[PDB]
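Undergrad: This one is an experimental structure. Sequence first:
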Amino acid sequence: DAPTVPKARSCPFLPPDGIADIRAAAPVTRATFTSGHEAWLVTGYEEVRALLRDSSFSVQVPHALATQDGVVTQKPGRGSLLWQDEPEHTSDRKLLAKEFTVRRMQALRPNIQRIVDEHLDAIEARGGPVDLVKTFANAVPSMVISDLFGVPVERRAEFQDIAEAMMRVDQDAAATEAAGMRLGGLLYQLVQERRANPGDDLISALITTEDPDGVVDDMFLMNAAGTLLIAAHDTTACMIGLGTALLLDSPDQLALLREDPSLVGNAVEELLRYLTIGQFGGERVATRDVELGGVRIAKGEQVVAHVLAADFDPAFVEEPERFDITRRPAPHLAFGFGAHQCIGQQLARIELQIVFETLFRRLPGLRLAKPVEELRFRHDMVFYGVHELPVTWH
Ligand code: HEM
């Protein structure tokens, strides 16, 4: 009856205490997870990469281990990617990737600058103190996605409100469901409206993409839009909030940043590694027997890629436990690895670069409004973060 995965953090910016010792002894081991099911726990950097690169592992798992019951909820179909296996994941990712290009993401920089400035304009008009989460972390990323999707500015308010409601988690089952149906309704109308009046947005591009093959219908488009939005919003928001929190709690690194603004890119990469916000890790099931770190994984067995522990493997980086923005960026696993690796990562990087540069330049002497020990952390969420971040500035 294998030991329960360490979850408790005596320091909120750092991993659960017990994890380092498991990683040093047994980087592939057995554990009991939050559902009460026992699975393979993979904590070593090399092992977690080998696991994520191995296309023997399916993403269509028998148990949701991070959850109270082992119950894998309702899954989306073609175009949603997250729960697809090859060959259909892959060809559908390929279709998506044809239009959701890194070129298209780079082309969104002016948009992101504008959105970031608009939100800061609003923050500075009010003073002082504000909740950065509500007013900035949760708002910017969904607005970036609405530009990606061609949403005109008159339509932003509704999109923002619907995206936000979808995201929040002081909510019972029905409220949660209601928020999802309100979103799906919005995206269905958005799809129709792009079919009527195409534009230069991602959805209009997907509508006319080359589709041999017959697969891009309204359903496929709704699944892709919803997954892009969902995957892009809470993750980026968590990074903005936690990354700001960790920087404000790290006046040493922040000083290095103010002394040398060219460190923003490296800061963003060190923040990604340091926070690895997918705190519980990628869930896979073997579809054949596989050998991983000398240990044999049977067909049908479930495995949890603990990307957070891997991002602190001392074989990955030296003194993994210092938060050091001067590091030359290493290949962290915050965006995953292999076939399911974050498709929007170049966009997330651009957003975070613009956010952190603009935030610290525009609000100099930004400062926590309460102590760090009073902040409330996202203990049980798929994405780790803070619920609120009260701050003031000059
Ligand atoms: C800000 C930080 C973000 C993090 C830390 C993150 C993390 C991830 C991870 C860890 C995966 C792999 C999941 C797994 O292997 O189980 C993934 C996939 C995905 N991400 Fe991100 N993401 C972030 C931002 C974004 C943005 C801006 C977008 C999209 C516009 C995005 C869109 C997606 C999509 C559709 C997938 C699934 C890809 C597939 O399954 O083939 N993410 N993300």
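TA: The structure has been received and is ready for your questions. Residues are numbered from 1 along each chain as shown.
Undergrad: hey, let's count contacts and neighbours off CA atoms from now on
TA: Fine.
Undergrad: Count the residues that sit near whatever residue of the stretch 1-150 of the chain ends up closest to the ligand.
TA: The nearest approach of the stretch 1-150 of the chain to the ligand comes at residue 82, 3.8 Å away (Cα to the nearest ligand atom). Residues within reach of residue 82, counting by other Cα atoms under 10 Å, total 19.
Undergrad: Over to residue 133?
TA: 22.
Undergrad: nearest residue to the residue nearest in space to the middle of the chain other than its sequence neighbours?
TA: In the chain, the residue lying closest to the centroid (Cα atoms, centre = their mean) is residue 235, at 3.0 Å. Closest residue to residue 235 apart from its sequence neighbours, by Cα to Cα, 6 or more residues apart in numbering: residue 383 at 6.4 Å.
Undergrad: Residues in a beta bridge with that neighbour, which ones?
TA: Beta-bridge partners for residue 383, by DSSP bridges, are residue 278.
Undergrad: could you list every residue that touches it?
TA: 234, 235, 238, 277, 278, 279 (Cα atoms under 8 Å, 6 or more residues apart in numbering).
Undergrad: Equivalent analysis for residue 144, please.
TA: Contacts of residue 144 by Cα under 8 Å, 6+ apart are 111, 112, 115.
Undergrad: 7 Å - rerun?
TA: residue 112 (Cα atoms under 7 Å, 6 or more residues apart in numbering).
Undergrad: What of residue 186?
TA: For residue 186, the contact set (Cα under 7 Å, 6+ apart) is empty.
Undergrad: for residue 241, same thing?
TA: Contact analysis of residue 241 by Cα under 7 Å, 6+ apart lists 133, 137, 385, 386, 389.
Undergrad: now residue 246
TA: Applying Cα under 7 Å, 6+ apart, the residues near residue 246 are residue 13.
Undergrad: for the stretch 101-250 of the chain, what spans make up the helices?
TA: Per DSSP state H, counting those that start in this stretch, the stretch 101-250 of the chain carries helices over the ranges 102-106, 109-126, 132, 139-148, 153-167, 173-196, 202-207, 218-248.
Undergrad: follow-up on the earlier one: give the ChimeraX command for selecting the buried subset of the contacts of residue 383.
TA: Typed into ChimeraX, the line below selects the buried ones among these, using 16 or more other Cα atoms under 10 Å:
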select :234,235,238,277,278,279
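Undergrad: Including distance to the ligand, could the contacts of residue 383 go into CSV?
TA: Output for the contacts of residue 383, formatted as CSV (distance: Cα to the nearest ligand atom, whole Å):
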residue, distance to the ligand
234, 8
235, 5
238, 7
277, 6
278, 6
279, 10
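Undergrad: so, if you compare the contacts of residue 383, which one comes nearest to residue 8?
TA: Nearest to residue 8 among these, counting by Cα to Cα, is residue 279 at 11.7 Å.
Undergrad: Not counting sequence-adjacent ones, nearest residue to residue 65?
TA: Closest to residue 65 by Cα to Cα, 6+ apart is residue 35, at 4.8 Å.
Undergrad: can I assume that neighbour is in contact with residue 71?
TA: No - judged on Cα atoms under 7 Å, residue 35 makes no contact with residue 71 at a distance of 8.5 Å.
Undergrad: before we move on, the earlier item: please tabulate the contacts of residue 241 in TSV and include distance to residue 62 as additional columns.
TA: Shown next, in TSV, are the contacts of residue 241 (distance: Cα to Cα, whole Å):
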residue	distance to residue 62
133	34
137	34
385	27
386	30
389	37
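Undergrad: Most neighbours among those, please name it.
TA: Within the contacts of residue 241, most neighbours by other Cα under 10 Å means residue 385, with 29 neighbours.
Undergrad: if I look at that residue, how far off is residue 281?
TA: Residue 385 is 15 Å from residue 281, where distance means Cα to Cα, to the nearest Å.
Undergrad: Double-check that residue 303 belongs to a strand.
TA: Yes - under DSSP: H, G, I helix; E, B strand; the rest coil, residue 303 sits within a strand.
Undergrad: So it is in contact with residue 285, correct?
TA: Yes - counting by Cα under 7 Å, residue 303 does reach residue 285; the two are 6.1 Å apart.
Undergrad: Would you mind telling me which of those two has the busier surroundings?
TA: Counted by other Cα under 10 Å, residue 303 and residue 285 do not tie: residue 303 has more neighbours, with 27 against 23.
Undergrad: Any idea what that one is bridged to?
TA: residue 40, residue 284.
Undergrad: If you drop the residues flanking it in sequence, what lies closest to residue 360?
TA: Nearest non-adjacent residue to residue 360 (Cα to Cα, 6+ apart): residue 366, at 7.1 Å.
Undergrad: ok, now which ones touch the one you found?
TA: 391, 392, 393.
Undergrad: Format those residues as a markdown table; extra columns: distance to residue 120, secondary structure and neighbour count.
TA: Listed next are the contacts of residue 366 as a markdown table, based on distance: Cα to Cα, whole Å; DSSP: H, G, I helix; E, B strand; the rest coil; neighbours: other Cα atoms under 10 Å:
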| residue | distance to residue 120 | secondary structure | neighbour count |
| --- | --- | --- | --- |
| 391 | 13 | strand | 19 |
| 392 | 13 | strand | 19 |
| 393 | 12 | coil | 17 |
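Undergrad: Tabulate the residues you listed (TSV), appending distance to the ligand.
TA: Output for these, formatted as TSV (distance: Cα to the nearest ligand atom, whole Å):
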residue	distance to the ligand
391	21
392	24
393	25
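Undergrad: Next to the ligand, which bits of the stretch 151-300 of the chain? Give me the list.
TA: By Cα under 6 Å from any ligand atom, the part of the stretch 151-300 of the chain that sits against the ligand consists of 227, 228, 231, 232, 235, 236, 239, 277, 282.
Undergrad: and of the residues you listed, the nearest to residue 271?
TA: For those, the closest approach to residue 271 (Cα to Cα) belongs to residue 239, at 7.9 Å.
Undergrad: Can you show me the strands along the stretch 1-150 of the chain?
TA: Along the stretch 1-150 of the chain, the stretches classed as strands by DSSP state E, counting those that start in this stretch are 28-32, 38-42, 57-58, 130-131.
Undergrad: still on that earlier bit, now, among the residues of the stretch 151-300 of the chain next to the ligand, which is nearest to residue 39?
TA: Comparing those against residue 39 with Cα to Cα places residue 282 closest, at 12.4 Å.
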